[PDB]
Amino acid sequence: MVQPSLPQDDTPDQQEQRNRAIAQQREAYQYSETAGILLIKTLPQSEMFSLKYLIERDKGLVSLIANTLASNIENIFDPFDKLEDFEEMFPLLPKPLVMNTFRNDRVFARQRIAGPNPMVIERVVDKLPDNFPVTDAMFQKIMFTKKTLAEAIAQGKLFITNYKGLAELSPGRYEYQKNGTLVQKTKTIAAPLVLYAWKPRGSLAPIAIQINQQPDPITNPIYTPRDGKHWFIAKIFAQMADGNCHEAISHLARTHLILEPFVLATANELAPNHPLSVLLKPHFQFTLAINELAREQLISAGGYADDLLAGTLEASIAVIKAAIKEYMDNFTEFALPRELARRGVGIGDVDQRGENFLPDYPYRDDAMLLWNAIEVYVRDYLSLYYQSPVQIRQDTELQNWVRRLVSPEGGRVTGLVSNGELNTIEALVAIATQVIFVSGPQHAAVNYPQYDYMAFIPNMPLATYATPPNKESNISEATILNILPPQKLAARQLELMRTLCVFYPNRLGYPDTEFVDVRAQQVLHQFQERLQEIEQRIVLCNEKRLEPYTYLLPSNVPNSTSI
Amino acid sequence: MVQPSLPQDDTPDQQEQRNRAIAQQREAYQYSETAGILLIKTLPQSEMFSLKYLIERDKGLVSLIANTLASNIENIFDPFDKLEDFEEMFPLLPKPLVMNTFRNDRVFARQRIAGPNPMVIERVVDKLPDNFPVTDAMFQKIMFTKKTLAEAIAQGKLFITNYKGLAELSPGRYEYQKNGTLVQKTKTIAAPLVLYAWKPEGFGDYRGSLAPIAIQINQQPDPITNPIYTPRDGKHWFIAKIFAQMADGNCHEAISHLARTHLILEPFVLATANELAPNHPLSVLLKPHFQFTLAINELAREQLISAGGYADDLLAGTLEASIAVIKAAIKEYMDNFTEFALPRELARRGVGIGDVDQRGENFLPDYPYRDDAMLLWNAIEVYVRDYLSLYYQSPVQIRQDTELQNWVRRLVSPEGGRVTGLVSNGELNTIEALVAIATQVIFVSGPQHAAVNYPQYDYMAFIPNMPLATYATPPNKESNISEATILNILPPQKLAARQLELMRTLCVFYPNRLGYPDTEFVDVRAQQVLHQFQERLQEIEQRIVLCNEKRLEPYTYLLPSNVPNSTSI
Ligand SMILES: [Cl-]
Ligand SMILES: [Mn+2]
Ligand SMILES: [Mn+2]
C-alpha cells in the first residue's frame, strides 16, 4: 500500500518507479478505434469483469432462457396477433412499471422528466419552430382556454421535444427466410416534434405531435389528443424517437463512450499512487469491459443496435459519434446545472413568483442532490493533496493527462480546459465531479429505467415498422400491430433491456478497496453519510410525488458505468 | 520473463524474490471447501475468464434464448405429448449425432467405447457377478449360438458395465404447482448391470462390434420385480436400455466428468500456486494447462453442485447423494493416483493394449477412446520428459528442489488435496516419477476432459438417448407398454429443456487448444520442445483422420484440433 502523492514531491527513485509503472500501463492500455469511436486495443485481464459480475450476468441470461420457455412469443417476423399479447411477455420476469398505464397522456408526458431519457425536453422561448405550425385555434381547443400560444410561451408554460437529430437517418433494413424465399423489408423512421404544456397537482401534458419535420396538412399533419387512435399512434412514433435518441445519444454516447478517453488517459498518464488516479479508478470499474461488450454485442454488425434501432447501423453510429463530439467539444457546458439551464429547465428557470417553470422534474432534483454531494466529495479529497494552483501546474502527470485528453487521438476533449492548460484546483474539481457524476448517477438515470419503460414494447418500441396511417383512415388493432415491432424483434428488445437492468455491479461511494490515506477514508466516509441523507430526502419526496422516482436513490446508483 | 531455474541454483537475493512471490501467491490462492470438496477461497482476477471467453459463452447462452424462442417446448413438469417432440428441440441448434440411430443396439453399445463415458466397460473374468444371474439359455438365445457363458468368458468375449456405484443413491425429489396446489414427486433410481459380447463376425461385414446381451435394471435380482431383460423383450428391452443410459449419464457427470477431471485438478492448480515460484520450470510447464480451470470450477460450484443448480434439477439422486458419489470418486482417484494413469486404468478394466488373445489381437478391438487417448498420452509423455530433462539431469536436483518438495507435501497433505497415492516412500525422489505425474495432470486437463466433455451434446442433448434422470418405475415385464409409459419414464418438458441448456453450454466452444499456450516459453530450448510437441500433434491428427476413415463411425473428440489445452468449460 503506497501513500498517494504528487509526482513533483517524490524522490528521483520514486519518480523513476512512477514512470516505469506509467510505461507498463501505456503498454497495457493502448488506444484503438471502432468506426471512429475511441476504444481500447486489448482489455487487460485486471480490467475484466469479476467472477461475481459474471455470475450475476449469467443469472440474467439464464432467467431470459426460462422466461422465453414460459412465453408464447415465436421466432417469426409476423406481428403479434393481439395487442394484449405484449402484456404476456413476462411470465417469469418483473412486470415493467409502465405496462398498465402507458396509454395515459400524463404517463407519456412524465417520461420526459422521469423516464429513461429525461434529457430532451426544453422550455419554448420566443416561438415554436416554423416547421411546427401549431395554431392558436389548436392550442385553445386542446387546453380548453382562451389563452393564445404567444401568451402561453411568454408565461413559460410550453415545452417541446424536437427529434430533428433523427431526420437524416437511413431507415434500417431487415430480412428473413419465408417459404424458401428471402423477404426484405425496411423500417419506418420519424423525427417528430412534440409540444407539451405545464397545466397547474400540476402536471405536464402533451399538446401536439407532428410525426415528421416537414409539415403538410394532409400527409404530415399536427395530431392532438382530439384525434383518438391517431393520437395514440402519434405517441408511439414520438416514443420510438425518444428511444432512439435515448440509446444512441443519452445512454451509449454520453455515458459509456465519453467515459472511455478518461479511463484510458488515467491509465496512460497517471501513476498508480497519483491522487487523481486513486480518486477516479473506483468509478471506472468494469467500464472498459462493458464498453468492449458494447463494441462486440451492441454496435456490431448483427448486434442489438442493428436489429432494433430505427436506422441502419451506419446511421446510428453517425448519431452516436455526433453526440460524442458535441459533448467533448463543450465538455464543461454539459455539467448538470449548465445542461439543465441550456434547456430552460434549470433550478434558476423560475417565474415571477420564484417558482420553476417545470416544478415536477424528479431527474433534475435528485440528480442535483447527487451532483452537489459529489462536488463536495472531490473538492475535499483533492484539497487533501492540492492546496496551491502551482501544485496543479507542476504536476507533470496531471498535465500529461489533460494533454492526452484534448489531443485528437486521446479523446479530442477540446472543451475540457480554459487557456489551453489546467491551472486551478477548482477547474480540476469540476472535471472530476463531472466524470464521477456521469459514471454513477447519470448512467443510473438513463440505464436502469430501460426495463420499466422499454421492455414493455408498445410504450417505447426501438423502431416502427409501418408508415403513419392517413389522418382520416380507420385504425384497427391490426394497424397498430403492424406499426409495432414483429415478435422476434420485440423478444430481442426485451432480451436487451433485461440484460442491461438485471443487477447493480457496484454501489456509489462504496469502493472495493479502502483508501490508503486515512484522510481520504474520512472524506469518503463523509460522502457516504451525505449519500445517506440524500436517500432519506428522496424517499420523502417520493412520498410526495405522484409516482415515485427511484432510479437516483444512492442505494440504486452504481459507483461506475458497468452494465 | 525470468529464465526458469531450480530454486537451489539461485542466488540468495533471487531466492528471496522467489519466496516473496510464493508468499503473495499463497495470500491470493487460499484453500476452501464446499461440501467437503476442495476449492479456492476467492478467485484472483488474473485467474478469471478472459473477455474472448466471456464473449463466446454469452454467444452460447443467447443462442439458447433464440432456440428456446423457436421451440414449442413449455415450462411445465408434464411429459411431452409425443416421443417425436424430443426431435423438435433443436430448431436453431445442431442436431445431436445420436438422435437418428439411438434405438439401435449397436449404437447403444458403442457409447461404452466412444460415447461421453468410455470409462465403465470392463472385460468379464472368471464369472459374472452372482447377483447377475444370466443363464446359458439367455446367452444362446441372444447370440444364436451353442456356446456357453463359461466358454465365452474363457475366450474373453464378454464385457460388463456394473453401475453398483449408484446403488445407495437417495432419489431426487421435485415439486411444482398444478391448479393451485403443490404436487410432490420423486425420481426413480437404478443401478443396472449390463452384459455385452464382442461379436467378431459382426453383421456379416468384415467388421466387429460390441453387442448388448442383457440388462438387469437393479442390483439385487428377482424374477418378478427386477428381472433380466434381453433384446428379445421388445419395448421392455428399450426401456431397460433407457435406465442403463440414465445410470451411465449419472456416472458420467458425477464420476468421470466433475470428479475425475474438473475437481481432481483443483489441488494441483492450488499447489502450483502455493509452492512454486513463477519462474519454476514445473509451474511454467503446468500453468498453460490450468488456464480458466479455477474459474470454470467456481462456475461448477455456483451453478452445478449448488442447491437448485443443474445437478439438483437433472441428476438421479438428491444433491446430497450426487455429492457423496462425486467425493467418493475423488477420494478413490487421489488415493490411487498413479493407478489412474491411462495405461494402468485401461489395464485394470481388462481393456488395455496388453489385453490380447493368443492371436495377439485385443479382446476389444473397437475402442476409439483407447487408441486416440493412448496416442495423446504417449505424445504428452515425450513432451514432458524432454521438457523436464532440460532442468532436471540428476535425481539429486529433484530431491534438493525445496519448492518441488513443498509442492508434493502440499498435495499429499489432508488440507491440500489428500493425494496420498502421489509418491512412494513419502517423498518424490526421481525425475521419471515427476514425468509420470506431470504427464497425467496434462493428460487429464486436456485429452481426458475433452473425451468426457465434448460428446455431451451429441449423446446427452438428445434426451431419450441419455436422460440424466428417470421419472417412473420400470414397468412389469408382462405389462403392455404404450407411448405414454415411455413418456412418463423420460424427463418432463422443463427438465428436458434444462438438460439441453446444460449440454449446449458445456460444448459450445473450445476455450484453448492443446499444445498452443497464450505465451511462448522464454527458454528457447523449452520452446523447441513445445514445437516438437506441436508437430507430433499434427502427425497424430492425420493418423486419427485415417483411422476414422476406416472406423464404423468417426471418433472426433480426441483429434488434437478438438482438444483444449486445459479443463476450461
Ligand atoms: Cl480434500
Ligand atoms: Mn449502460
Ligand atoms: Mn467440463
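Numbers restart at 1 for each chain; the letters A, B, ... are given by sequence-line order, proteins then strands. We count ligands from 1, going down the list as the structure has it; atoms in each ligand are counted the same way. Values below: every heavy atom of this structure, side chains too, minus hydrogens, waters and symmetry copies.
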Check: Do any of the N, O or S atoms of A/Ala294 sit under 2.8 Å from the Mn ion (ligand 2)?
Finding: no
Next item on the list: Could you please compute the angle at the Mn ion (ligand 2) from NE2 of A/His443 to NE2 of A/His256, rounded to 10°?
Entry: 90°
Notebook entry, point to check: When you look at CD of B/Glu339, are more than 12 heavy atoms from neighbouring residues, nucleotides or ligands closer to it than 6.0 Å?
Noted result: yes
Margin query: Would B/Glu332 and B/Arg260 count as a salt bridge (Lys or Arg N to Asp or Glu O under 4.0 Å) here? Give the steps.
Written below: CA-CA 10 Å; B/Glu332 185 178 53; B/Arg260 293 180 172 179; 2.7 Å; yes
Checklist line | 4.5 Å side-chain heavy-atom contact, B/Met460 and B/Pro96 | finding: no
Next item on the list: Report the angle formed at the Mn ion (ligand 3) by atom OD1 of B/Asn453 and atom NE2 of B/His257, rounding to the nearest 10°.
Entry: 80°
Checklist line | Under 2.8 Å: N/O/S of B/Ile296 next to the Mn ion (ligand 3) | finding: no
Item checked: Heavy-atom pair with the smallest gap, counting every atom of B/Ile65 and A/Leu61 -> CD1-O, 4.0 Å
